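Here you get one chain, nothing else, as structure tokens; it is the form deposited in one PDB entry.
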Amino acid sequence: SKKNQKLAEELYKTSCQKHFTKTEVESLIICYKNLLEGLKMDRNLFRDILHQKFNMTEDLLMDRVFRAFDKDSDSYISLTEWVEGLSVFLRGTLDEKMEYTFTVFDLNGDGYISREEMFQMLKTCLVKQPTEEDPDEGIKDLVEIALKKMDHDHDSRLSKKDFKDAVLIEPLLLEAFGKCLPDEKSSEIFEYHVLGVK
């Protein structure tokens, strides 16, 4: 409490998160500590949290969300990564969110969401829960629809500019390639129970 208030003062000061108050940071620190199994928040713990708290169930996208959280790529979510991540994930502006979803969707980190990446991401839900018949021609149709709507220069990939321009025009395209933000009900429940909002 003294422990956590002083930690919260320091993290509120140092963290780049833009949306929690210092008291909310303290609640987030306590929550993190209460969720820890071992000393560090690893992939498997973070996966469980996404599944249980945010109803995400699909392996590829959960891994991509983890990687976006894990800013320094050490395969652990630090306290400051937990706050900063959740700040965007729960409260981000469109701008923040578009940068986040682009990062999720750019599977190899080369700066472009490629046709191939689109196909992998769109197919991954049907790998998990298959239709009776192979769905690949229909996925390819969706990929072409995406490219038609979003690829300005017809090079079969979306630059950051391609994606953000299109999402600003149609914000429903924010998560075009899969669910990587919490639905409104999940978000509300976590805010209410963990942060006391509403």
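Residues that one form lacks are left out of the comparison. Note that residue numbering begins at 1 and tracks the sequence as displayed. Just so we're on the same page, rigid core means the largest C-alpha set that superposes within 1.5 Å between forms.
One more form of this protein exists, namely the form deposited in another entry; it is left out here, but the text below deals with it.
Visitor: Just checking, between the shown form and the other one and with the core aligned, does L142 shift 2 Å or more at the CA?
Guide: Yes: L142 shifts by at least 2 Å between the shown form and the other one.
Visitor: If you line up the core, does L181 shift 2 angstroms or more at its C-alpha between the shown form and the other one?
Guide: Comparing the forms between the shown form and the other one, which are aligned on their rigid core, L181 does not shift its C-alpha by 2 Å or more.
Visitor: Given that the CA-CA distance for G178 and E191 shifts by 3 Å or more in that other deposited form, does it become closer or farther?
Guide: Closer, not farther.
Visitor: Note whether the distance between the C-alpha atoms of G178 and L181 decreases (closer) or increases (farther) in that other deposited form, against the displayed form; the change is 3 Å or more.
Guide: Distance between the C-alphas of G178 and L181: shorter in that other deposited form, by 3 Å or more.
Visitor: Give the residue ranges, in sequence order, where three or more consecutive C-alphas each shift by 2 Å or more between the shown form and the other one after rigid core alignment.
Guide: Runs found: 122 to 126, 137 to 142, 150 to 152, 170 to 178, listed by sequence.
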